[PDB]
Amino acid sequence: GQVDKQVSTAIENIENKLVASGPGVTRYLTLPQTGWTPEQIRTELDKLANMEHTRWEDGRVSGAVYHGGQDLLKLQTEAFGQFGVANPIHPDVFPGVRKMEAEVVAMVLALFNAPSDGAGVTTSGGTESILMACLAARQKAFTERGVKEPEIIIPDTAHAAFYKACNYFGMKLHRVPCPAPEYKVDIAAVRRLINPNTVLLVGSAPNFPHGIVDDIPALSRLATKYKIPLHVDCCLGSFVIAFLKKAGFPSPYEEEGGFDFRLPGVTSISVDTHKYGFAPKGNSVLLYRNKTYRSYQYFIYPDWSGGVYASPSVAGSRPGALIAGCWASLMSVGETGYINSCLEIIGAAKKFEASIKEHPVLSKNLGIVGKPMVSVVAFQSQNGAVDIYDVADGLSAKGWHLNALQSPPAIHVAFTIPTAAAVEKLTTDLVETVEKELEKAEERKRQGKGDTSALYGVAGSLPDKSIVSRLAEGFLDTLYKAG
Amino acid sequence: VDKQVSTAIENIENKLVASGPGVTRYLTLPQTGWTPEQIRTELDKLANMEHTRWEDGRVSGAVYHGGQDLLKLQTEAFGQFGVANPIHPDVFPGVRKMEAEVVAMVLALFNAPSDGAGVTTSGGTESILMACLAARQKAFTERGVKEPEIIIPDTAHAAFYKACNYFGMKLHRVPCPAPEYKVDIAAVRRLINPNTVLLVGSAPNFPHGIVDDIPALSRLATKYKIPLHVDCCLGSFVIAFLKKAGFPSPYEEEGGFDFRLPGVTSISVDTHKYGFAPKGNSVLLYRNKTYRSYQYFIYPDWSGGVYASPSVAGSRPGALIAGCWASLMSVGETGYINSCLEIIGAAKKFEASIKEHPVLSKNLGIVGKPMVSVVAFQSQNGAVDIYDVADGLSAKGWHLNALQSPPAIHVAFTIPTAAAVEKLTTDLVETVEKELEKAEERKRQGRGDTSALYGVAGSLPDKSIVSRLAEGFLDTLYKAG
């Protein structure tokens, strides 16, 4: 009962927090009987656009909007306008799109020093990329090594999409710890888990939670040695991780052959053109060391009454409009653009990182998680008087949308062109937030002795996960609740 | 074999990859960003590359509306919601709303129950995948099934195979025999076993545009307590508005083909076909939230925080969502009824033409009894090879769909193609006539046409051949240099 009531309450709170109601909220739950007018639609749409929301425009949201620049957005919009009806599955009908796509891939292959037989596909997103990589490896190991009970070895810090992959394609997952202070995968632990049913090694460049780049060289050595495909999740490093050297920022493992196709064990890399490529959402690229590989992810069904069906990825039908958007984005930004943006973003990251380490308050109370090199800075509490989640809620109350982590308890900022412009303000607000909690503790001690974010703390520590499970289930339901 | 293959592939590449003077191939990022005007210029160039003229209504079921007014609106929506990502509802509430509303509107269209739930997917493929996954997870959680099986009609969409391949399920193909080209209910029944986790039905099916016996499937589904999924991807809005338009509604008098039938647990609908939403916009419908839930992915233990996603994709395009939404609102019931009237009208007209026109009626035959937007016809004359007809129309600039079982061609009518039905009829007549003449000279004395090679390869003992051929195609799709 009680658990139930608590849950229901929590859900109700979520719904009350996400579902926007109140006078003015017209809920359109059935098709209009007569078509609205263009102006009508435009009006309503503006109305929607101006709903109250975390002001990403004010650079207060972590890694949600990477560029946001009107000029670019317009361009993307025009591209969309020109290729609105384009569907690449019909290259003979939409050749332009087909070209643009190919080119996008090419351009990315180059960024990561791909071999000449390098091949790649566009995917809707990093999730899809990862899925397809996994599938690829599975099919590979099946066709070649006749493997039937597939296994993949991932770091704990690895992106959940991998678990999704294993869940979907029926693979056994192995999570290796990334212990402090390095917060990098345990190579020995990886080695130990390698067995004949291992079909994929995974590495992160960097990883979502902490923004740490795993020991891709070491993983490559293992991969080469045991003849197992290495996949690099670079979704989040995107362009930024690549332009690091050009920007002058140290490139992860430069002196050990980098983190990309330069390393012979690296067989597949996933890159999100929509994160730091600044492409429209719905634009990622998966790279394979050779066509031979890529092929495993293809779906061909020749016996179909409707004709031979062939699809390179998950989707049959896709949006040429978005493809074109991605393309132009790349062309409009260009090497210079990316170097510049890199400079800014990484600069901001480094500045923040310094702030935490140096600022008299922060340096005493907080600590950086590992040694982040890219665009993601994760920090945790080094003072038992300051609960990190409390800090999170404190910043949230100040209008910040940062990312709360679990293992360990921490917060991360994924810096984007917007957030980079707000770094100082972030620093300020963080200082103030921290101070406040210190006073609270002081007041607690004075008194002798309400914690929010407990969902990630108390609930994070809760014995069963069923609780958080139901909580999320609600969230998701809410996402589609209109009535 | 190898040489033949390689040649074929080379022909494909030489037929899809535009080369030749002026074809600038950008294989690396420009060193300095291009200017807006430069980009616009290039983009126009790309847009005006030579291609099958869908604008002239010569492409089957690729562009459903294509109307400038709508496109502009969609474009504006995209412009306003370019950066929107629904996974952040607190950041992009509008999108979150619009989505929910879309789902609702569709749920209504198919007479969903009050506890009816639904998600948006990128497309019908994804819808189908998610339905299959849902069923699987259901049967696992509830009936502890470990070796899942699904029963589908032969005419069912390949995405089902993809689903089974992906999620490791056993697939059962049931025949759809002439003249009905509907699934064999008896054969379905016989295959039902404790490991059966999903029954499938088509409304209509892609190849022949036939609606399966959804009532019967519903009965079986209720009886054996197995989920029924209706693939409605291709019936989309048009099948929903058929009766309103005045055209007969499949199985009206037996409770229709949608949630009115108690056995119908899930329906997949493509807002991007006849909803006229931008590409990347489909909806999956479930009789109850409880059901829908099975397709959700929740990973709570993740160091980055509790991950939860409703479908395949984590990140998604709010721009597209908003576009789809507006499309609906801008078109409205009236609009859809009108478009239905036109499209179905055209289909029927074509169907009649084939049955009545002195030439065609003698040489061709409709496949089954189509009622929707897909009209499929085959050769009734051994002198006329359907694929040859296909190639003939192809030479006339038509992009129609060539089928295998049986050998046939289909037209999926869209606002464009509907406007060209007459011209299509004319060109078809002329095409047929030609092949008849050819056969005359043939018989008077005693080669290989492309489509024929497609048929020959499909008639070959092993599919490995065609497989490779397809692979090549796909590779081509990503060849830039």
# chains A, B, ... in the order shown; residues from 1 in each chain; ligands from 1
call {"tool": "interface_residues", "arguments": {"of": "chain B", "to": "chain A", "cutoff": "6 Å", "atoms": "only C-alpha atoms", "output": "VMD selection string"}}
result
chain B and resid 27 to 34 46 51 to 52 75 79 90 to 91 94 100 to 101 104 to 105 125 155 166 to 167 207 279 to 280 303 to 305 313 316 to 317 330 to 334 403 to 405 478 to 480
call {"tool": "select_by_dssp", "arguments": {"residues": "segment 183-349 of chain B", "states": "strand (DSSP E or B)", "output": "JSON, numbers by chain"}}
result
{"B": [196, 197, 198, 199, 200, 201, 202, 228, 229, 230, 231, 264, 265, 266, 267, 268, 269, 282, 283, 284, 285, 286, 297, 298, 299, 307, 308, 309]}
call {"tool": "write_last_selection", "arguments": {"atoms": "N, CA, C and O atoms", "output": "compact mmCIF listing (two decimals), in the first residue's frame"}}
result
# COMPACT_ATOMS: atom_id res chain seq x y z
N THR B 196 3.31 -18.91 -29.25
CA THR B 196 2.80 -17.86 -30.12
C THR B 196 2.57 -16.60 -29.29
O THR B 196 1.82 -16.64 -28.31
N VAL B 197 3.20 -15.49 -29.68
CA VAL B 197 3.17 -14.28 -28.88
C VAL B 197 2.52 -13.13 -29.64
O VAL B 197 2.18 -12.12 -29.03
N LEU B 198 2.33 -13.28 -30.96
CA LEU B 198 1.72 -12.21 -31.74
C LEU B 198 1.11 -12.74 -33.04
O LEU B 198 1.77 -13.46 -33.81
N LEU B 199 -0.15 -12.36 -33.26
CA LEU B 199 -0.78 -12.52 -34.57
C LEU B 199 -0.70 -11.19 -35.31
O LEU B 199 -0.84 -10.13 -34.69
N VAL B 200 -0.47 -11.25 -36.63
CA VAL B 200 -0.37 -10.03 -37.42
C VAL B 200 -1.45 -10.02 -38.50
O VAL B 200 -1.82 -11.07 -39.04
N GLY B 201 -1.95 -8.82 -38.82
CA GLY B 201 -2.84 -8.61 -39.96
C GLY B 201 -2.54 -7.29 -40.66
O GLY B 201 -2.04 -6.36 -40.04
N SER B 202 -2.87 -7.21 -41.96
CA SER B 202 -2.53 -6.05 -42.78
C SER B 202 -3.80 -5.30 -43.20
O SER B 202 -4.79 -5.92 -43.59
N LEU B 228 -3.27 -9.36 -31.13
CA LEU B 228 -3.35 -9.09 -32.55
C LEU B 228 -2.77 -7.70 -32.84
O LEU B 228 -3.12 -6.71 -32.18
N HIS B 229 -1.85 -7.68 -33.81
CA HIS B 229 -1.33 -6.43 -34.34
C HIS B 229 -1.86 -6.21 -35.75
O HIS B 229 -1.84 -7.11 -36.60
N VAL B 230 -2.32 -4.98 -35.99
CA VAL B 230 -2.72 -4.55 -37.32
C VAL B 230 -1.67 -3.57 -37.84
O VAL B 230 -1.43 -2.51 -37.26
N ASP B 231 -1.02 -4.00 -38.92
CA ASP B 231 -0.20 -3.13 -39.74
C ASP B 231 -1.14 -2.27 -40.57
O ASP B 231 -1.80 -2.76 -41.49
N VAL B 264 -7.97 -6.90 -31.39
CA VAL B 264 -6.98 -5.97 -31.91
C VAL B 264 -6.32 -5.25 -30.74
O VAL B 264 -6.94 -4.41 -30.10
N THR B 265 -5.04 -5.55 -30.50
CA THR B 265 -4.35 -5.03 -29.33
C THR B 265 -3.42 -3.88 -29.73
O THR B 265 -3.25 -2.93 -28.96
N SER B 266 -2.82 -3.97 -30.93
CA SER B 266 -1.91 -2.92 -31.37
C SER B 266 -2.15 -2.58 -32.85
O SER B 266 -2.46 -3.46 -33.64
N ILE B 267 -1.99 -1.29 -33.19
CA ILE B 267 -2.11 -0.84 -34.57
C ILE B 267 -0.97 0.12 -34.90
O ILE B 267 -0.68 1.02 -34.11
N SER B 268 -0.35 -0.06 -36.07
CA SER B 268 0.71 0.84 -36.51
C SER B 268 0.23 1.70 -37.67
O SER B 268 -0.34 1.17 -38.63
N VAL B 269 0.47 3.02 -37.58
CA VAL B 269 -0.06 3.97 -38.55
C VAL B 269 1.02 4.97 -38.94
O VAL B 269 1.68 5.53 -38.07
N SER B 282 5.59 8.47 -37.53
CA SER B 282 4.62 7.40 -37.43
C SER B 282 4.09 7.32 -36.00
O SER B 282 4.65 7.93 -35.08
N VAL B 283 3.01 6.55 -35.83
CA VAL B 283 2.39 6.35 -34.53
C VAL B 283 2.04 4.88 -34.33
O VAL B 283 1.46 4.24 -35.22
N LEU B 284 2.41 4.39 -33.15
CA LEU B 284 2.03 3.05 -32.71
C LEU B 284 0.99 3.19 -31.60
O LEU B 284 1.17 3.97 -30.66
N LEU B 285 -0.09 2.42 -31.76
CA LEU B 285 -1.25 2.46 -30.88
C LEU B 285 -1.43 1.11 -30.18
O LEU B 285 -1.36 0.06 -30.81
N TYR B 286 -1.72 1.20 -28.88
CA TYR B 286 -1.96 0.07 -28.00
C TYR B 286 -3.32 0.23 -27.33
O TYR B 286 -3.68 1.33 -26.90
N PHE B 297 12.06 1.08 -22.41
CA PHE B 297 13.35 0.67 -21.88
C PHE B 297 13.68 1.53 -20.66
O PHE B 297 13.75 2.75 -20.76
N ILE B 298 13.85 0.87 -19.51
CA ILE B 298 14.26 1.54 -18.29
C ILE B 298 15.51 0.85 -17.75
O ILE B 298 15.52 -0.36 -17.54
N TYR B 299 16.57 1.65 -17.56
CA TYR B 299 17.78 1.19 -16.91
C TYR B 299 18.08 2.12 -15.74
O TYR B 299 18.58 3.23 -15.93
N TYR B 307 18.02 5.86 -16.73
CA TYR B 307 17.70 6.02 -18.13
C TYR B 307 16.32 5.43 -18.38
O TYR B 307 15.98 4.37 -17.85
N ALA B 308 15.51 6.15 -19.16
CA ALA B 308 14.20 5.68 -19.56
C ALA B 308 13.87 6.22 -20.94
O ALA B 308 13.96 7.43 -21.18
N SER B 309 13.52 5.32 -21.86
CA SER B 309 13.12 5.70 -23.19
C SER B 309 11.87 4.92 -23.59
O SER B 309 11.75 3.73 -23.28
call {"tool": "residues_around", "arguments": {"residues": "residue 411 of chain B", "least_positions_apart": "4", "cutoff": "6 Å", "atoms": "only C-alpha atoms", "output": "count of residues only"}}
result
4
call {"tool": "residues_around", "arguments": {"residues": "residue 288 of chain B", "least_positions_apart": "3", "cutoff": "7 Å", "atoms": "only C-alpha atoms", "output": "ChimeraX atom specification"}}
result
/B:115-117,291-292
